[PDB]
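> pasting the first chains of the complex, positions unchanged:
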Amino acid sequence: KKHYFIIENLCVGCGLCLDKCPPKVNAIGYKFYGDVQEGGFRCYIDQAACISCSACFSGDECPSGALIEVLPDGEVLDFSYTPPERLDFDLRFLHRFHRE
Amino acid sequence: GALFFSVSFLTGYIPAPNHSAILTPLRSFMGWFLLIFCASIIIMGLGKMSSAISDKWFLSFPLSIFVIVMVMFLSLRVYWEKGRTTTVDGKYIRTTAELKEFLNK
C-alpha cells in the first residue's frame, strides 16, 4: 500500500521523521558510515517494522525529499503536495509603477 | 531539617544581641527552606500551567494576572510599606526646597 521509503542518497540524517514514527514501531533508524559532519549518518525505514501509518511522510518534515511514498499502484511522492510549476516573469510596468 | 540548629550549637558563633541563639539558626534555615519551597512551587506550578493553559480560559487567566498584581500593590501599601515616609513629627516633604531645608537641619 503506502510503503514509505527513504532515499539514502538524499537523506541528511536530521531525524525529523524518526520522532513522528510511533514509539513501539520505530521502523525508521539511523545508519552511520563515518564522520557525522561529512554526512555519513543517514535514515532508513525498515519496511518490516513499518505499519504504513503515514506519520513520517504526511508530516511534511523531510528537507531533502528523500522521504518518499510509493502509492499502491506505484508513484513516488517526494512531498504531500508539490507547488504547481509556473512560467514566471518580473512584471515591470511602463510608465507609473516599475518602469522598464 | 534540624541539622542546621545542631550546626549552630557547634561552630561557635557569638550570637548577635537581642536574638536567641536557637531561633537565629531557626530563622536562617527557615528562610533557606522557604526559598527552596518557593522555587519548587514556581517550577512545578508553571509546568502545570504550561500543561493546562489552553483556549478555554481566555479571560480568567488575564483576570488572575490582574488580581495578583492588584494584591501585589495592595500588600505594598497595607503590609509592606505604609504611607509616603511622612515624618516622626508628621510633616511630609514634597519639594526639593523642603528637603534641602531639612538637610540644613
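That came through fine. Numbering: from 1, shown residues only, chains lettered A, B, ... in the order given.
> Going by C-alpha atoms from here, please, whenever you check contacts or count neighbours.
Fine.
> Now do the contacts for residue B:2.
Contacts for residue B:2 were tallied using CA atoms under 8 Å, 6 or more residues apart in numbering or on different chains; there are none.
> Now do the spatially most central residue of chain B against residue B:48, distance only.
By CA atoms, centre = their mean, the mean C-alpha position of chain B lies nearest to residue B:80, the distance being 7.9 Å. In this view, residue B:80 and residue B:48 are 30 Å apart by CA to CA, to the nearest Å.
> ditto for residue A:60
Taking CA to CA, one finds residue A:60 at 31 Å from residue B:48.
> Look at the two and report which has more neighbours.
More neighbours surround residue A:60 than the other of residue A:60 and residue B:48, with 16 against 11 (other CA atoms under 10 Å in any protein chain shown).
> does the more buried one really touch residue A:77, like I thought?
No. The criterion here is CA atoms under 8 Å, and residue A:60 misses it with residue A:77 at 11.3 Å.
> In chain A, mark out all the helices, start to finish.
A:55-58 (DSSP state H).
> all strands for it, in order.
For chain A, the strands defined by DSSP state E cover A:4-6, A:28-31, A:42-45, A:67-70, A:76-77.
> Adjacent strands (with direction) for the second one?
Partner strands for strand A:28-31, per DSSP bridges, with pairing direction: strand A:42-45 (antiparallel).
> Could you pull out the buried residues of the strand it pairs with?
The neighbour-count check on strand A:42-45 (16 or more other CA atoms under 10 Å in any protein chain shown) flags A:42-45 as buried.
> Same check on stretch B:93-105?
residue B:93.
> Same check on stretch A:13-33?
A:13, A:15, A:17-18, A:20-21, A:26-28.
> now, which of those sits nearest residue B:76?
Nearest to residue B:76 among the buried residues of stretch A:13-33, counting by CA to CA, is residue A:20 at 50.4 Å.
> The closest one touches residue A:54, doesn't it?
No. Between residue A:20 and residue A:54 there is no contact under CA under 8 Å: 9.1 Å.
> Going toward the C-terminus from whatever helix or strand residue B:27 lives in, what's the next helix or strand?
Per DSSP states H and E, residue B:27 falls inside helix B:23-52. Downstream of helix B:23-52, the next assigned helix or strand under DSSP H and E is helix B:60-75.
> following sequence is chain C, add it:
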Amino acid sequence: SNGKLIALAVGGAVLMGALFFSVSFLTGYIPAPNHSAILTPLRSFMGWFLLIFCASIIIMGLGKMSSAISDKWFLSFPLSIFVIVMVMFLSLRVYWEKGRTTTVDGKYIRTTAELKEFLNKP
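Below is chain C, added to the chains above:
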C-alpha cells in the same frame, strides 16, 4: 589578475583618507591648543586604517598559519615566537620605556619609605 584587487583596496583607503580630511574641514571644530587641522584628521585616519589593516592582516596571516602548519614547523613555529617575544622585550627597553624611570635628578626611588619621603615634598 590580482592587480585590480590591490588597486581597489588602495583606492578605497586613499578615498577614506580624503573623505576624512574633507569632512574634518567641513565639521567645524577648534583644532587644539597647539595641533593643526591639516595633520590631526590624517593622524586619526592613520589610526583608523592601521587598526583595520592590522586586524585584517592578523586574521589572514593566522588563517594561513592554520592552513600551512605541519610537522615541518617543529622548529619554525616555536623559535619564531621566541624571537618575536625576545624582540618585544627588547622593544620595551630601547623604544617604548627607555630606562627605569628614575627622577629627573636620578635618585632611583625604589622603596616605599623613600616614596613616602618623596611624595611629601615641602
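> In light of the added chain C, please revisit the buried residues of stretch B:93-105.
Taking 16+ other CA under 10 Å as the criterion, stretch B:93-105 shows residue B:93 as buried.
> Ok, stretch A:86-100 next?
Buried residues in stretch A:86-100 (16+ other CA under 10 Å): none.
> end to end, how far does that stretch reach?
Start-to-end, stretch A:86-100 (CA to CA) is 23 Å.
> From the opening residue of stretch A:68-78 to its closing one, how far?
End to end - CA to CA - stretch A:68-78 spans 5 Å.
> My error: substitute stretch A:73-86 in the last question.
So stretch A:73-86: terminal residues 28 Å apart, CA to CA.
> Please tell me how far the residue nearest to residue A:29 when sequence neighbours are not counted sits from residue A:12.
What sits nearest to residue A:29 in space, not counting adjacent residues and going by CA to CA, 6 or more residues apart in numbering or on different chains, is residue A:44, at 5.4 Å. Using CA to CA, one obtains 11 Å as the distance from residue A:44 to residue A:12.
> Give the residue farthest from the middle of chain B.
Most distant from the centre of chain B: residue B:104, at 34.7 Å, with distances by CA atoms, centre = their mean.
> one step back: ok, the residue nearest to residue A:29 - contacts?
Residue A:44 sits next to A:5-6, A:8, A:28-31 when contact means CA under 8 Å, 6+ apart.
> Tell me the one among those residues nearest to residue A:70.
The nearest one, if we look at the contacts of residue A:44 relative to residue A:70 and count by CA to CA, is residue A:5, at 7.6 Å.
> Quick check: bridge partners of the closest one?
Counting by DSSP bridges, the residues bridging with residue A:5 are residue A:68.
> show me what contacts residue A:69?
Per CA under 8 Å, 6+ apart, neighbours of residue A:69: A:2-5, A:57, A:75-78.
> want to throw those into JSON lines with neighbour count and distance to residue A:87?
Below are the contacts of residue A:69 laid out as JSON lines (neighbours: other CA atoms under 10 Å in any protein chain shown; distance: CA to CA, whole Å):
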{"residue": "A:2", "neighbour count": "18", "distance to residue A:87": "32"}
{"residue": "A:3", "neighbour count": "18", "distance to residue A:87": "34"}
{"residue": "A:4", "neighbour count": "23", "distance to residue A:87": "32"}
{"residue": "A:5", "neighbour count": "21", "distance to residue A:87": "32"}
{"residue": "A:57", "neighbour count": "26", "distance to residue A:87": "28"}
{"residue": "A:75", "neighbour count": "11", "distance to residue A:87": "25"}
{"residue": "A:76", "neighbour count": "12", "distance to residue A:87": "24"}
{"residue": "A:77", "neighbour count": "17", "distance to residue A:87": "23"}
{"residue": "A:78", "neighbour count": "20", "distance to residue A:87": "22"}
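> put chain D onto that model:
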Amino acid sequence: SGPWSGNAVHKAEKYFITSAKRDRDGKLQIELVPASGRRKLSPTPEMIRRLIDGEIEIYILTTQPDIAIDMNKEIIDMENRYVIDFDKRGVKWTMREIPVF
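Same chains as before, plus chain D:
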C-alpha cells in the same frame, strides 16, 4: 521564480521510473512519474529532449519490481548506471533498507 515552482529541492523537475514490464517486450511499459505524482507518462522523444536539455531529471529506485536490467540499456563497466540510450542517463537512487537492520 524557479526555486518556488515545484519542489524547491529539485532545480530540475524529477521523474521516477516507477513501473516497467518485460511482458509487453517493447519496454514502452517504462512509466515515468514526476515526484508530484499526477502524470503517469512515457519515455517519448520529447522526454528525451527534456532530459538532454537538463529540464527534467529521470531517476530509478532500487526497491521496486525490477524495471529492466540489461533489457533497458545498461552500462555495467562501473557500478550499473542505467541509460535509456547511451546518451541518456537514468541515475539510480540507492535505497538501503534491507541491508541495514
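> again for the contacts of residue A:44, chain D present now?
Residue A:44 touches A:5-6, A:8, A:28-31, D:96-97, D:100, counting by CA under 8 Å, 6+ apart.
> what about residue B:85, how many residues close to it?
11.
> For chain D, see how far away it is.
67 Å (CA to the nearest CA, to the nearest Å).
> Based on its surroundings, how many neighbours for the nearest residue to that residue once chain neighbours are set aside?
Among residues not flanking residue B:85 along the chain, residue B:92 sits closest, at 7.5 Å (CA to CA, 6+ apart). Neighbours of residue B:92 under the rule other CA under 10 Å: 14.
> which residues touch residue B:92?
Contacts of residue B:92 (CA under 8 Å, 6+ apart): B:84-86.
> between the residues you listed, which is closest to residue D:44?
residue B:84 (91.4 Å).
> Identify the residue spatially nearest to the closest one, adjacent ones excluded.
That would be residue B:92: by CA to CA, 6+ apart, it lies 7.8 Å from residue B:84.
> State the distance from the one you found to residue B:83.
Applying CA to CA to residue B:92 and residue B:83 gives a distance of 10 Å.
> Also residue B:23?
Distance of residue B:23 to residue B:83, given as CA to CA: 31 Å.
> Among these two, which residue is more densely surrounded?
Using other CA under 10 Å as the criterion, residue B:23 and residue B:83 rank with residue B:23 on top: 12 against 9.
> From chain A, how far off is the more buried one?
For residue B:23 relative to chain A (CA to the nearest CA), the value is 55 Å.
> count of residues packed around the residue of chain B found nearest chain A?
Chain B approaches chain A most closely through residue B:51 (20.3 Å), counting by CA to the nearest CA. Residues near residue B:51, counting by other CA under 10 Å, number 9.
> Residue D:18 reaches residue A:74, doesn't it?
Yes. Between residue D:18 and residue A:74 there is a contact under CA under 8 Å: 6.3 Å.
> Settle it for me: which of the two has more neighbours?
Neighbours per residue, other CA under 10 Å: of residue D:18 and residue A:74, the larger number sits with residue D:18, 23 against 19.
> The more buried one falls within a strand, correct?
Yes. Under DSSP: H, G, I helix; E, B strand; the rest coil, residue D:18 sits within a strand.
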